[PDB]
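Pasting my_file.pdb here (PDB, C-alpha atoms):
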ATOM      1  CA  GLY A   1    -113.939 287.082 -19.285  1.00  0.00           C
ATOM      2  CA  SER A   2    -111.761 288.626 -21.984  1.00  0.00           C
ATOM      3  CA  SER A   3    -112.625 291.671 -24.094  1.00  0.00           C
ATOM      4  CA  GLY A   4    -111.912 291.232 -27.791  1.00  0.00           C
ATOM      5  CA  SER A   5    -113.053 289.400 -30.915  1.00  0.00           C
ATOM      6  CA  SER A   6    -112.511 285.841 -32.143  1.00  0.00           C
ATOM      7  CA  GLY A   7    -114.745 285.625 -35.200  1.00  0.00           C
ATOM      8  CA  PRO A   8    -116.914 282.497 -35.520  1.00  0.00           C
ATOM      9  CA  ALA A   9    -119.316 281.175 -32.884  1.00  0.00           C
ATOM     10  CA  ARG A  10    -117.815 278.924 -30.212  1.00  0.00           C
ATOM     11  CA  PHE A  11    -119.624 276.489 -27.916  1.00  0.00           C
ATOM     12  CA  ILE A  12    -119.572 278.406 -24.632  1.00  0.00           C
ATOM     13  CA  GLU A  13    -121.456 275.539 -22.991  1.00  0.00           C
ATOM     14  CA  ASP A  14    -120.817 272.013 -24.270  1.00  0.00           C
ATOM     15  CA  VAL A  15    -123.611 269.444 -24.032  1.00  0.00           C
ATOM     16  CA  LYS A  16    -123.772 267.309 -20.888  1.00  0.00           C
ATOM     17  CA  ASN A  17    -123.887 263.509 -20.990  1.00  0.00           C
ATOM     18  CA  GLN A  18    -127.422 262.146 -21.330  1.00  0.00           C
ATOM     19  CA  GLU A  19    -129.014 259.208 -19.513  1.00  0.00           C
ATOM     20  CA  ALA A  20    -132.555 257.923 -20.033  1.00  0.00           C
ATOM     21  CA  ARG A  21    -134.602 254.765 -20.591  1.00  0.00           C
ATOM     22  CA  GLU A  22    -136.119 253.412 -23.806  1.00  0.00           C
ATOM     23  CA  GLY A  23    -139.234 255.198 -25.025  1.00  0.00           C
ATOM     24  CA  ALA A  24    -138.097 258.488 -23.510  1.00  0.00           C
ATOM     25  CA  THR A  25    -136.855 261.516 -25.448  1.00  0.00           C
ATOM     26  CA  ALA A  26    -133.190 262.334 -24.849  1.00  0.00           C
ATOM     27  CA  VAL A  27    -132.230 265.907 -25.734  1.00  0.00           C
ATOM     28  CA  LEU A  28    -128.958 267.836 -25.528  1.00  0.00           C
ATOM     29  CA  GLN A  29    -129.154 271.512 -24.575  1.00  0.00           C
ATOM     30  CA  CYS A  30    -126.103 273.623 -25.412  1.00  0.00           C
ATOM     31  CA  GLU A  31    -125.204 277.288 -25.886  1.00  0.00           C
ATOM     32  CA  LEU A  32    -123.167 279.185 -28.479  1.00  0.00           C
ATOM     33  CA  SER A  33    -121.139 282.390 -28.182  1.00  0.00           C
ATOM     34  CA  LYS A  34    -123.395 283.916 -30.836  1.00  0.00           C
ATOM     35  CA  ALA A  35    -126.291 282.943 -33.102  1.00  0.00           C
ATOM     36  CA  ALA A  36    -124.772 280.484 -35.573  1.00  0.00           C
ATOM     37  CA  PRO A  37    -125.744 277.384 -37.597  1.00  0.00           C
ATOM     38  CA  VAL A  38    -124.804 273.943 -36.278  1.00  0.00           C
ATOM     39  CA  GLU A  39    -124.990 270.273 -37.258  1.00  0.00           C
ATOM     40  CA  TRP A  40    -125.529 267.248 -35.016  1.00  0.00           C
ATOM     41  CA  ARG A  41    -123.884 263.964 -36.003  1.00  0.00           C
ATOM     42  CA  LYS A  42    -123.619 260.554 -34.336  1.00  0.00           C
ATOM     43  CA  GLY A  43    -120.053 259.362 -34.833  1.00  0.00           C
ATOM     44  CA  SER A  44    -119.828 259.311 -38.622  1.00  0.00           C
ATOM     45  CA  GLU A  45    -123.439 260.086 -39.534  1.00  0.00           C
ATOM     46  CA  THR A  46    -124.940 263.530 -40.125  1.00  0.00           C
ATOM     47  CA  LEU A  47    -128.443 264.018 -38.726  1.00  0.00           C
ATOM     48  CA  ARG A  48    -130.973 266.532 -40.046  1.00  0.00           C
ATOM     49  CA  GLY A  49    -134.139 267.661 -38.289  1.00  0.00           C
ATOM     50  CA  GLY A  50    -136.986 265.523 -39.570  1.00  0.00           C
ATOM     51  CA  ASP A  51    -139.574 263.407 -37.769  1.00  0.00           C
ATOM     52  CA  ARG A  52    -137.603 261.676 -35.015  1.00  0.00           C
ATOM     53  CA  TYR A  53    -134.944 264.326 -34.404  1.00  0.00           C
ATOM     54  CA  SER A  54    -136.647 267.556 -33.333  1.00  0.00           C
ATOM     55  CA  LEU A  55    -133.984 270.245 -33.711  1.00  0.00           C
ATOM     56  CA  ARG A  56    -134.921 273.575 -32.129  1.00  0.00           C
ATOM     57  CA  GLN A  57    -132.494 276.489 -31.837  1.00  0.00           C
ATOM     58  CA  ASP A  58    -133.631 279.685 -30.116  1.00  0.00           C
ATOM     59  CA  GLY A  59    -130.783 281.805 -31.451  1.00  0.00           C
ATOM     60  CA  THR A  60    -127.632 280.914 -29.529  1.00  0.00           C
ATOM     61  CA  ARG A  61    -129.220 277.935 -27.781  1.00  0.00           C
ATOM     62  CA  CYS A  62    -129.508 274.575 -29.541  1.00  0.00           C
ATOM     63  CA  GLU A  63    -131.716 271.581 -28.750  1.00  0.00           C
ATOM     64  CA  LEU A  64    -131.707 268.135 -30.362  1.00  0.00           C
ATOM     65  CA  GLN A  65    -134.517 265.869 -29.161  1.00  0.00           C
ATOM     66  CA  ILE A  66    -134.896 262.193 -30.054  1.00  0.00           C
ATOM     67  CA  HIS A  67    -138.407 260.756 -30.337  1.00  0.00           C
ATOM     68  CA  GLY A  68    -138.401 257.070 -29.448  1.00  0.00           C
ATOM     69  CA  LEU A  69    -135.274 256.214 -27.472  1.00  0.00           C
ATOM     70  CA  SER A  70    -133.920 252.781 -28.392  1.00  0.00           C
ATOM     71  CA  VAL A  71    -131.029 250.920 -26.765  1.00  0.00           C
ATOM     72  CA  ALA A  72    -129.518 250.990 -30.254  1.00  0.00           C
ATOM     73  CA  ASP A  73    -129.571 254.789 -30.434  1.00  0.00           C
ATOM     74  CA  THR A  74    -127.001 254.678 -27.630  1.00  0.00           C
ATOM     75  CA  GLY A  75    -123.856 256.311 -28.978  1.00  0.00           C
ATOM     76  CA  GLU A  76    -121.833 259.519 -29.148  1.00  0.00           C
ATOM     77  CA  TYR A  77    -123.454 262.608 -30.662  1.00  0.00           C
ATOM     78  CA  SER A  78    -121.429 265.599 -31.856  1.00  0.00           C
ATOM     79  CA  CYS A  79    -122.737 269.055 -32.756  1.00  0.00           C
ATOM     80  CA  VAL A  80    -120.450 270.859 -35.202  1.00  0.00           C
ATOM     81  CA  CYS A  81    -120.829 274.635 -34.972  1.00  0.00           C
ATOM     82  CA  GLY A  82    -118.811 276.591 -37.517  1.00  0.00           C
ATOM     83  CA  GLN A  83    -115.319 275.955 -36.169  1.00  0.00           C
ATOM     84  CA  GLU A  84    -116.137 274.551 -32.730  1.00  0.00           C
ATOM     85  CA  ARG A  85    -117.791 271.200 -32.018  1.00  0.00           C
ATOM     86  CA  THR A  86    -119.296 269.622 -28.900  1.00  0.00           C
ATOM     87  CA  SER A  87    -119.857 265.942 -28.123  1.00  0.00           C
ATOM     88  CA  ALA A  88    -121.483 263.799 -25.435  1.00  0.00           C
ATOM     89  CA  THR A  89    -122.540 260.268 -24.493  1.00  0.00           C
ATOM     90  CA  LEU A  90    -126.154 259.089 -24.563  1.00  0.00           C
ATOM     91  CA  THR A  91    -126.826 255.995 -22.455  1.00  0.00           C
ATOM     92  CA  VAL A  92    -130.153 254.314 -23.210  1.00  0.00           C
ATOM     93  CA  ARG A  93    -131.219 251.670 -20.693  1.00  0.00           C
ATOM     94  CA  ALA A  94    -133.777 249.031 -21.675  1.00  0.00           C
ATOM     95  CA  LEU A  95    -137.327 249.501 -20.394  1.00  0.00           C
ATOM     96  CA  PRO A  96    -138.052 248.513 -16.769  1.00  0.00           C
ATOM     97  CA  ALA A  97    -139.113 244.864 -16.617  1.00  0.00           C
ATOM     98  CA  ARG A  98    -142.294 244.444 -14.573  1.00  0.00           C
ATOM     99  CA  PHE A  99    -141.621 242.812 -11.204  1.00  0.00           C
ATOM    100  CA  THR A 100    -143.963 242.335  -8.245  1.00  0.00           C
ATOM    101  CA  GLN A 101    -142.209 243.099  -4.958  1.00  0.00           C
ATOM    102  CA  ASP A 102    -144.529 242.610  -1.984  1.00  0.00           C
ATOM    103  CA  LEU A 103    -144.040 245.607   0.306  1.00  0.00           C
ATOM    104  CA  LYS A 104    -146.098 247.803   2.632  1.00  0.00           C
ATOM    105  CA  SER A 105    -144.814 250.969   4.306  1.00  0.00           C
ATOM    106  CA  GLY A 106    -144.776 250.965   8.096  1.00  0.00           C
ATOM    107  CA  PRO A 107    -146.009 253.270  10.882  1.00  0.00           C
ATOM    108  CA  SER A 108    -142.812 255.269  10.386  1.00  0.00           C
ATOM    109  CA  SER A 109    -143.446 258.856   9.292  1.00  0.00           C
ATOM    110  CA  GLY A 110    -139.970 259.374   7.869  1.00  0.00           C
TER     111      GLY A 110
END
What would you get if you wrote out this structure as structure tokens?
Amino acid sequence: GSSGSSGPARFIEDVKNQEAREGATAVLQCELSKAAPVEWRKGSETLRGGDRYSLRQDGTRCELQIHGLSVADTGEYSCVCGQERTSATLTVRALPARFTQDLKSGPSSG
């Protein structure tokens, strides 16, 4: 809430930590002050929309999906936008190991 002009596009809404299991598709949804180009990078590696990473920006909103979540993927992504840059933490938990747990609800309604 401040009338004026800064110049470049700033991340008005930084990405929020992500948490999903293997096989899923973790994606970070953020927002920019104004339509501007960005660049997602994991630590010291620059990623570019291809087959696994499905980058989709609807103007000021950015979205970086990850097809095939692997425990390894787990790390810290950072989206560099002009001058500003947002980062988050993606926690990938191994797939749920099958386990039979004998159980049968009771006459209780709730």
Give me the residues near region 40-42 of chain A as a list in words, where near means some atom within 9 Å (using only C-alpha atoms) and where sequence neighbours in that chain fewer than 6 positions away do not count.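 The residues that qualify are residues 48, 64, 75, 76, 77, 78, 79, 80 and 81 of chain A.
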When you look at residue 55 (chain A) with a cut-off of 10 Å (counting only C-alpha atoms), what residues show up, excluding the ones that are within fewer than 2 positions of it in the same chain? I need them as a count of residues only. 17
Please enclose the listed atoms of region 33-42 of chain A in an axis-aligned box, pad each side by 4 Å, and write out the centre and the three edge lengths in Å, rounded to one decimal, as AutoDock Vina command-line options.
--center_x -123.7 --center_y 272.2 --center_z -32.9 --size_x 13.2 --size_y 31.4 --size_z 17.4
How many Å separate CA of residue 29 (chain A) from CA of residue 10 (chain A)?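 Between these atoms lies a distance of 14.7 Å.
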Would you kindly translate the PyMOL selection byres ((chain A and resi 11) around 9) into the concrete residues it picks from this file, as a list in words?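 With the PyMOL selection byres ((chain A and resi 11) around 9) on this model, the match is residues 9, 10, 12, 13, 14, 15, 30, 31, 32, 33, 34, 81, 84, 85 and 86 of chain A.
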Which of these, A:20, A:6, A:1, A:36, has the shortest distance to residue 96 (chain A) once you count all atoms listed in the file? A:20
CA of residue 82 (chain A) to CA of residue 60 (chain A): how many Å, to one decimal?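 Taking CA of residue 82 (chain A) as the start and CA of residue 60 (chain A) as the end point, the length is 12.7 Å.
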Saving region 26-48 of chain A with C-alpha atoms, as a compact mmCIF listing (two decimals), in the first residue's frame, what would that file be?
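Final output, saved to out38.txt:
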# COMPACT_ATOMS: atom_id res chain seq x y z
CA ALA A 26 5.17 -30.75 -6.48
CA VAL A 27 4.54 -27.25 -7.84
CA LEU A 28 5.28 -23.77 -6.48
CA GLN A 29 2.73 -21.04 -7.18
CA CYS A 30 3.95 -17.47 -6.79
CA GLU A 31 2.97 -13.97 -7.91
CA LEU A 32 4.91 -11.01 -9.31
CA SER A 33 4.26 -7.27 -9.06
CA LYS A 34 4.03 -7.17 -12.85
CA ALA A 35 4.42 -9.48 -15.85
CA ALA A 36 8.13 -10.32 -15.93
CA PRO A 37 10.47 -13.19 -16.89
CA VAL A 38 11.80 -15.49 -14.16
CA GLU A 39 14.15 -18.44 -13.69
CA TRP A 40 13.83 -21.36 -11.29
CA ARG A 41 17.02 -22.91 -9.91
CA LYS A 42 17.73 -25.61 -7.32
CA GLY A 43 20.63 -24.39 -5.21
CA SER A 44 23.32 -23.96 -7.86
CA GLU A 45 21.54 -25.43 -10.89
CA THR A 46 19.41 -23.53 -13.40
CA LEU A 47 16.29 -25.36 -14.56
CA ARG A 48 14.53 -24.75 -17.88
